[PDB]
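A.B. asks: Got a structure for you, questions after.
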Amino acid sequence: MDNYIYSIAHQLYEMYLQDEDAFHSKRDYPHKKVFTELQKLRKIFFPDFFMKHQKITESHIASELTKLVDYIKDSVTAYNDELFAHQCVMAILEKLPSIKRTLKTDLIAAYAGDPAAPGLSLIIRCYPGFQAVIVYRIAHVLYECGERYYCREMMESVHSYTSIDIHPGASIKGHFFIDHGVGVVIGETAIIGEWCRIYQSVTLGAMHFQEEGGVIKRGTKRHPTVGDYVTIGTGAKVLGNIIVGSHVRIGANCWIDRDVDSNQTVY
Amino acid sequence: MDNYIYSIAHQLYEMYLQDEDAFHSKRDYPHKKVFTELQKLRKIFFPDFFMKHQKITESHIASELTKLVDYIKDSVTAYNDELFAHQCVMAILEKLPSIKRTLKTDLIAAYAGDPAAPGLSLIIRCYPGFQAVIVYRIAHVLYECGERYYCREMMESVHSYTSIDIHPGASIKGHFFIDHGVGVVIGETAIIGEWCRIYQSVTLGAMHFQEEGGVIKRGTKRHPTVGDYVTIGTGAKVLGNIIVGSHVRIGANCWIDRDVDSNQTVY
Amino acid sequence: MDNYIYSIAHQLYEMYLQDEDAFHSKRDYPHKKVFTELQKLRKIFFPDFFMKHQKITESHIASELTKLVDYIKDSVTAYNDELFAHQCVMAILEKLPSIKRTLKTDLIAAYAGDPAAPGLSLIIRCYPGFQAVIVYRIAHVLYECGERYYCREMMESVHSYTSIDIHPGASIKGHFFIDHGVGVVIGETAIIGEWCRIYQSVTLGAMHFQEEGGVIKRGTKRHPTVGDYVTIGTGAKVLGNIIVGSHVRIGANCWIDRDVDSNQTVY
């Protein structure tokens, strides 16, 4: 695994070197301490914003990547087993370059969708929707390996830190932006296309009225599918195994229970 | 107090030994550090999930229970007095076995109400509705002793950690489940029956439009009473000294201002 | 700067001495550790509640004020420059007495608007709306100096701790109260008068439906202006560059898109 880490850290470092200036800084930002997965991934993906400049080298990216790998491996092993952990973490490592590319697009979307943002640096440093998506994109790779415990725990850390509630099972394309974010809920089987803009208190999920009865069916597709270029306004509750088309605008406090066709505004 | 602690820890230990296998694990889970009351109560009620297996003995349950008792006593004394603190903490100790039984039913309700849950172990480890209810059930015993300060502070820790806002005065029966949970508000005089299922952004509370005037009447019954087998959908705002009957289903974003009779679906 | 700190700490100390008894306590409260800006400002503005009584002297207020000044200066410098930082922190220091006076009125409003509050001491110690406003009032002085980065980071700390989302650019008058608070969003160009009472899940903000296109106009007045004696009920979404008059009552889950005239109740 250490040799694969070296190769992945090398690729991520070369990407860092080739990133546009907006993804770089010569500033030494105030040191913060957040939960482990975010702390580590912040340094790995955007070292200029979370490390002293005198320290960014490839070797240091590799060093942080190793600390992260060892931590996730340990946690996956606790809930599962040693072999399953190795395979899942190799899968995360495999996807880190593509995630890095996607996270860049999420930043572009954040700046493009928010008149309050002065530059990418502030989004990177402290935008809660962005902190959540960083961790989500890794948690999802775990889910894709069949893991069902630690990937949820990781997202519950995100949940506590940002009040954004994204199940690791959700599938989310790039140029993704959650603004403000408190009360956002995105379910296990939610599917979200490119250029989705989501506001505070938005649910892309499900409700289960008590059938007593007692014990609800496990899993199955039961959360919305959302197309490209969708904007979901504050307080909107989109519920059930329903399809929202592309280029859809959803108004504030809307209660959506059925399919919504492409190229529409709902209020 | 130490002799009463020993007796209570003995009872809790015997209950632990007699718990069904779903409430047990041989796994050594990743060590977490959360606010004191939750950290301690997690170990006391579900040691398999928060202690190394080589350490669970009765003596260790007693040890953790002592640390918790000393901490709560100290905090209650700060806001009140030494004698009042002793009585309140003796009352908590008294209720710990019954709370343990109730918390088991809350877990059953959580698993039964959530298709995303793979087993009780994940709910125990990281479900925010469950973390909140653990602390709430103890905070409520303080409120029942007449304490009005520290029990609120304790629940504000829960508030920061999970964004679930349950006043220690609320009365809540068993098989209780808050799914997702961000934005849940449950007021001081709210009464909730058995098998209540509550989603994100649900208020069981009150609003006070300014009478200027100036200073609103203190206390009194002013929050909803809810029966058994009630499901309250995402964003529902249930306000005032009103009665919701049993077997009631409440739809998303609903604004409920008046009594709702038993065996009904509202949207 | 140290001589100006001494003078400001002297004034704040004299104000402390002249505060009514409700703003004082002989109790030694349980020690808490929260994010730096709140930790420091809590001690500076309300030392009786966050320091051991044997330690409150003027010299100790000055000591804490220095620690805060050094921290904010360091963070402002990181995002901007040394000279800009000095000017901004001198501006904060300048405003601290007036902020102290305003924070007293916010407490009065909190107690007056909440039947659950037993005394100012509990609001001071743990009410999340109040913790947020303490930090907001300082963050706003930074914004007023033209700072756009660290003042946002500071409020994102508030955001994580309380789930209350107040842009440092918002202008808010005194006797301000957010009850419960989770999901409150108050935008960069929001203007709020005296005696505003706000509940959980209230947005005073804006939504931006995707014009693709791509990159939205930066800034400009785009969030609501709210008059005096306004109460905004749970879940209300007040959006756009609109004017809400004085003595307005807004009902639960309301979706407000246009001007609302003075002396009105909306549902």
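Following the order of the structure tokens, chains are lettered A, B, ..., residues in each are numbered from 1, and ligands are numbered from 1.
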Could you list, as a ChimeraX atom specification, every residue of chain B that has an atom within 10 Å of an atom of chain A, counting only C-alpha atoms?
C.D. replies: /B:27-31,108-119,121-123,125-128,159-164,179-184,195-201,229-235,247-254,265
A.B. asks: If you run DSSP on this backbone, which residues of range 4-229 of chain C come out as strand (DSSP E), and could you give them as number ranges by chain?
C.D. replies: C: 165-166, 171-172, 177-178, 185-186, 191-192, 197-198, 203-205, 225-226
A.B. asks: Hey, can you spit out that residue selection with C-alpha atoms as a PDB file, in the first residue's frame?
C.D. replies:
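Writing the result to part02.pdb gives the following:
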```pdb
ATOM      1  CA  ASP C 165     -25.732  31.497   9.876  1.00  0.00           C
ATOM      2  CA  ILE C 166     -25.258  35.258  10.069  1.00  0.00           C
ATOM      3  CA  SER C 171     -26.602  45.077  10.045  1.00  0.00           C
ATOM      4  CA  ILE C 172     -28.559  44.332  13.221  1.00  0.00           C
ATOM      5  CA  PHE C 177     -33.255  37.736  19.934  1.00  0.00           C
ATOM      6  CA  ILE C 178     -32.920  34.475  18.031  1.00  0.00           C
ATOM      7  CA  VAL C 185     -29.783  32.414   7.801  1.00  0.00           C
ATOM      8  CA  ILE C 186     -29.189  36.169   7.680  1.00  0.00           C
ATOM      9  CA  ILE C 191     -30.706  45.084   7.578  1.00  0.00           C
ATOM     10  CA  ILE C 192     -32.598  44.425  10.815  1.00  0.00           C
ATOM     11  CA  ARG C 197     -37.467  38.231  17.414  1.00  0.00           C
ATOM     12  CA  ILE C 198     -36.442  35.342  15.153  1.00  0.00           C
ATOM     13  CA  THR C 203     -34.179  32.926   6.339  1.00  0.00           C
ATOM     14  CA  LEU C 204     -33.567  36.634   5.843  1.00  0.00           C
ATOM     15  CA  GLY C 205     -31.744  36.123   2.592  1.00  0.00           C
ATOM     16  CA  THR C 225     -34.628  45.114   5.167  1.00  0.00           C
ATOM     17  CA  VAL C 226     -36.649  44.612   8.334  1.00  0.00           C
TER      18      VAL C 226
END
```
A.B. asks: What residues in range 43-198 of chain C get the DSSP label alpha helix (DSSP H)? Please answer as a PyMOL selection string.
C.D. replies: chain C and resi 43-45+47-50+59-79+82-113+120-126+128-144+150-162
